[PDB]
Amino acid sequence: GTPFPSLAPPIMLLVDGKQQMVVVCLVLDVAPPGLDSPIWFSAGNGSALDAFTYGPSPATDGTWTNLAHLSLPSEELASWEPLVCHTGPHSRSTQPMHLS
């Protein structure tokens, strides 16, 4: 009954000749609500970054977890870093993750 987000180690992929920086935030111990635990991210310039959620999913051990990934060029890795994830409900958050 206590939500717990976590920023996973970044991954590097390719799109159109451009190196792509992809990250994801995983919130845990989320109740089984009719609503959910919204997941949004924050950058370095103070701006927020639109992401893609996968919605809460009933785990095999009788729990619920919401997921959301974020994609952005490795070029701008010197402007958004560090990266922060948020969830909840008030809401909850995690520690900044130095992209660099």
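Numbers follow the displayed sequence, beginning with 1.
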Missing residues of the deposited chain between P89 and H90 number 4 to 9
Segment of higher mean CA temperature factor, 66 to 74 or 46 to 54: 46 to 54
With reference to the PDB entry, specify whether the mean Cα temperature factor is higher for 57 to 65 or for 29 to 37. 29 to 37
What third of its chain, lowest, middle or highest, does the C-alpha temperature factor of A8 fall into? middle
Entry-reported C-alpha B-factor of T94 relative to its chain, by third, is middle
